[PDB]
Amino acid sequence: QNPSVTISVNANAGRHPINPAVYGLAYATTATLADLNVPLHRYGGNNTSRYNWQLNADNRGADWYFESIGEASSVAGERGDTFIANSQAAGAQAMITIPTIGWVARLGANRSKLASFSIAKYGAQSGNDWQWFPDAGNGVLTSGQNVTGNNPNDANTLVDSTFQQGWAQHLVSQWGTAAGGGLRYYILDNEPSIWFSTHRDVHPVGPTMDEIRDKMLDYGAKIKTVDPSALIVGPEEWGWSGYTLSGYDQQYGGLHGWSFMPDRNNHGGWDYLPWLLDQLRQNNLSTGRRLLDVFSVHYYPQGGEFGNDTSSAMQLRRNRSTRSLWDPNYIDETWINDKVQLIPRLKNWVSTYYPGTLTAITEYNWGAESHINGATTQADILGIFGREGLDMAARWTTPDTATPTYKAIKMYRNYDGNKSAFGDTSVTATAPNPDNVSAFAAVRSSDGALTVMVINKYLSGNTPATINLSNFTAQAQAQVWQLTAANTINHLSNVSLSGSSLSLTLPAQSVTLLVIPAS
């Protein structure tokens, strides 16, 4: 039905390891972490920036009327300990976000809720938590203008690095050091550059690159001192603009155009993250101690695919927009309007401004989770991650178990229900056009088997495909597992060799895994 495709896989080219940390997830259950066989679990997000560990509570920020709400438990840090217990109960490494913003939540009498923009204290506003906290306004006047001189102490308390160090001490005491099997990843806040938006109530002015640098040096030292075996992750920036412009400049730009970036101008025209990395590198050179271990950013496509729009046009965009993660000649079809090639960009930035620093995308989501288009896209993302050498990744939230996207992940980490996974040694696999059909390959170390994932992104018609192998002696038959809109991981009939190649027909919008044993 569709034009035939030839995919060549050379087990001897592009050889490099695939860190299983690329299959990371945020907010999943022990059951899911175990079923999907994911080794990384992330506790992060907007509210985690306002978490007070001694009170065991946080502020929802712009997400929910800037309300300070406590957890049921009054035990300092139980949220974190419960998160960690659930993670290792599934054999997964946990990541805990440690506030750096300073203003964390505090509570009222008997752990009662507090609000940063009390309507009674600041006047009528365009929004409020009418159903659960009517006095909690959205911080916007009826005129549409933001409320301004609000007192940050209304629902918060100013804390510092020594305060957070205490949490690290609590963590190490309860779980041990990282070297001993305790918390391995400490994340420094969340999307700091846009604190002036998400955490407007407590940080109305965007942070300069100086203040983000100082906070990482400061908070990073405190944590390393408590646990030198632990790994620090940051800066968790939000997206494109936050890669070259500090929060101060992003905000300034929004208010006066982009003809003059003050913070950038005071730093020799340097780009934000490159400068931050270089700045950390210099400090590492002066003290001889590494404070940052993993360079992390978040990335969500901007063309509108993040959501549930499953029209043909959007599905096609999802088939393409995925290039922004690796393709150097792909201009993002959005306001970004530039060649982002994320992973190569992150790798080059680390290699150029702070060698030895790992790379990660701690937040991403291409949408359409309950739709096959979302699954082919997710499977595409996972393949790209392993091929491009991303060190770690954390999908923003875990897809529902009934979803086809959930299976897409499973196709890589537990396709047979036996925890069998995609290979750990990436090898070259080239497809003539990833937009309609992409492929990824690797060689498993335990089995020695060659695993080849083929994604047919075409919206209709069967697609005949032939896989040509190079430098791999395989048995006469390759196993086949497949996923389609039928939302079921099917174990198809084996396919036979025809020398050093195998052919098969690929259904439209499908994820097929080929397990080719060695010898």
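The first residue of the shown sequence is 1; numbering continues from there.
The mean C-alpha temperature factor is higher for 171-179 when 271-279 and 171-179 are set side by side. Judged by mean Cα B factor in the deposited record, 460-468 ranks above the other of 49-57 and 460-468. Of the candidates 100, 377, 341, 145, the PDB record gives 145 the highest C-alpha temperature factor.
When the C-alpha B-factors of 359, 161, 428, 244 are ranked from the entry, the top spot goes to 428. In this PDB entry, residue 451 carries a Cα temperature factor that places it within the highest third of its chain's modelled residues.
Compared with the other modelled residues of the chain, the Cα B-factor recorded for residue 493 ranks in the highest third. Per-chain ranking of the deposited C-alpha B factor places residue 153 in the middle third.
When all modelled residues of the chain are sorted by CA temperature factor, residue 423 is found within the highest third. Among the modelled residues of the chain, residue 130 sits in the highest third by CA temperature factor in this PDB entry.
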